[PDB]
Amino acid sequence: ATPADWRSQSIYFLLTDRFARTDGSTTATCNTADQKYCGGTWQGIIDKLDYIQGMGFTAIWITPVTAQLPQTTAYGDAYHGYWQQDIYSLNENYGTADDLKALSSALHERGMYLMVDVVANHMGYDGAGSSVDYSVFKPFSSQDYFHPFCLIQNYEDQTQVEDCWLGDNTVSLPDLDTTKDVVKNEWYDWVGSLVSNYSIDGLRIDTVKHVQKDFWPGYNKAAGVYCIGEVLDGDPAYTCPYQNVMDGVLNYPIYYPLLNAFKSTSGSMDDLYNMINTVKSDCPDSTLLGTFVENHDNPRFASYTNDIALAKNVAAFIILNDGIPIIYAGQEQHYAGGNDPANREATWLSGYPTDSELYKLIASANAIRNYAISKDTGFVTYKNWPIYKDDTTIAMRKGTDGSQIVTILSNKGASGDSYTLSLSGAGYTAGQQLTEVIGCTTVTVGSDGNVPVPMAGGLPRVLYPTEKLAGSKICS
């Protein structure tokens, strides 16, 4: 699917090993500290597609599918998929080629997309960089395909970031020499073929900043689908330029201020407000980025605070910002693990309750987004517009006039007081009636044009014109 196709999507990101087992168990042990395969499979995902689709997601992103180093290293097994060795075999822990094709087909039968995580930068190896036996790598079975061994020490030296090896001498990550024609041609042929074989709709590309920029236009072209790159840097001046060589990148610029704004009641609304506008103007296209606050490479949101109101607000922001929402499996069950491996909890141990607070919040936020898009072809390209902030509040507006969603978010938290926010700039016509689609109340725009927004419990408020909901399932 094309970048334009992907603008309207909403992604549930999951670890294949940790989301769902074939046997459907909700009690099978998975201690994150063990760092071992816990048994999640592609077939398991198929059997829980109702759970995922019940939150209003339209797509999944799964972790890499290639065959990995086999060892239990000193950092555990390759359960996460980022230590590949044999790119023409699948990781058989997850199932077979037919299983992966079956997953793709099951998604497509529901009108959903498959996004697959891919690594081009490196292989993985158990042990020191000087000990590598290059014959284990398929097809890159010779040291001639790799950069000379060195570790990355200075992340402000971009040549070293690209030409030296990630990892260390416990688990080393042999760095492909991606300037070589034979390497580029092989990866380009491989990615086009992977996409064809499994009918992949989009790719999430790992470790983009570690491969020189001139590799990526050719790779994105050969893939033939939307590619969203992981450029792990919060500086929009470093990360947004990667959108000149790839369709989208993960919105790490928004991540840090978004997390800070809502992880405590004293978080900065200014920094978030200002970053929305910086990204809007400085990034090639904010609506092709992916918005997140939680993933497998940072502490989960609830590791910072268990306040459920704060968690609802940050999840609403993810869904209603410019770009593609990305929610990380377990976030909807208020998982609170810290840094790797603790943030790789098994989703099945929650029991997959569809009535948890964040499952319902997310479902309501995705419902209004999916619906507004079905009625407003301009929604996905309308640049999200921050219209208000104060010490504990940010409000924003997105969508064609007459059909705009106006979202008011708060970091007051679960003990927040009750009051009425007189919101100007929403752009609704006086006396028009709005539905608050999270809690399902109605408010009326005053004659002065302001919206008197009832605030309470630190709860997020999402407004949409009542008349436009006629015939929808939203709020009765």
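The first residue of the sequence shown is number 1, and the count goes up from there.
Chemist: Comparing 364-372 with 326-334, which stretch shows the greater average C-alpha B-factor in the deposited entry?
Modeler: Here the higher of the two C-alpha B-factor means belongs to 364-372.
Chemist: Mean CA B-factor: is it higher for 114-122 or for 402-410?
Modeler: Averaging CA B-factors over each stretch, the winner is 402-410.
Chemist: Would you mind finding, among 72, 281, 339, 85, the residue with the largest C-alpha temperature factor in the entry?
Modeler: Among 72, 281, 339, 85, the highest C-alpha B-factor in the entry belongs to 281.
Chemist: Going by the CA temperature factor in the entry, name the top one among 233, 390, 162, 201.
Modeler: Answer for 233, 390, 162, 201: 390, with the highest C-alpha B-factor.
Chemist: Residue 155's Cα B-factor: lowest, middle or highest third of the chain?
Modeler: Top third by C-alpha B-factor.
Chemist: Please rank the C-alpha B-factors of the chain's modelled residues and tell me whether residue 397 sits in the lowest, middle or highest third.
Modeler: Highest third - that is where residue 397 ends up once the chain's C-alpha B-factors are sorted.
Chemist: Split into thirds by Cα B-factor across the chain's modelled residues, where does residue 61 land: lowest, middle or highest?
Modeler: Tercile = lowest for this residue's CA B-factor.
Chemist: Compare the C-alpha B factor of residue 253 with those of the other modelled residues in its chain, then answer lowest, middle or highest third.
Modeler: Bottom third by C-alpha B-factor.
Chemist: Is the Cα B-factor recorded for residue 224 in the lowest, middle or highest third of its chain?
Modeler: Within its chain, residue 224 is a middle-third residue by C-alpha B-factor, going by the deposited values.
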